[PDB]
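J.: In the deposited numbering, the protein residues as written are 3 to 169.
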Ligand SMILES: CC(C)(C)[C@H]1CCCN1c1ncnc2[nH]ccc12
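1. With 16 as the cutoff for other CB atoms within 10 Å, does residue 78 come out buried or exposed?
2. So, with DSSP's three-state summary, where would you put residue 194?
3. Just to confirm, does residue 30 get its C-beta within under 6 Å of one of the non-hydrogen atoms of ligand 1?
4. Taking the alpha carbon of residue 43 as the point to measure from, which residue in 118, 93, 151 has its own alpha carbon closest?
5. Can you give me the start and stop residues for the alpha helix (DSSP H) that residue 63 sits inside?
6. State whether the stretch 57-71 contacts the stretch 152-160, with contact taken as three or more CB pairs (one from each stretch) at a distance under 8 Å.
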């Protein structure tokens, strides 16, 4: 039993809700919140910009030190950093950005990072400003993640479409 509330159950391990991931994280304080990161951990917009803003830019400060030490992530890769005021940890995961021409096959590799964590609050990888089809992202999530994932979908219209079209 966990404290996530109001989710629709899609499969044994995947749950979905129309919610602002920032507000969800502040309420639940999950062990792991997933960020829709880029390889530079530059949290300018989309989910990343919103999460970073909620940390008063502390996420960006920590991220800049991480990159200065380690260099950029790989597309499809991840790193674990602090969750600041939002969660215990933030798993920064880089899905392919279609608006940069990146290979959509890397979306499965991106979701594999979730399997290193028993429970996560997450957005749909590569959705929104990353330019992928969110219906496809949900399919890859369900077919790749085996741990317990609670998906927050900001757009109510998109949420209804994802549920109504889910196979
Ligand atoms: C559901 C959308 C397709 C709109 C995705 C893609 C881009 C960001 N977005 C978010 N998702 C969940 N919580 C969020 N909080 C702020 C943004 C945001």
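C-beta atoms are modelled at their ideal positions from N, C-alpha and C, and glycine is treated no differently.
T.: Answer, in terms of the structure:
1. buried
2. Because the chain is modelled from 3 through 169, residue 194 falls outside the range shown and cannot be assessed.
3. no
4. 93
5. 60-72
6. no
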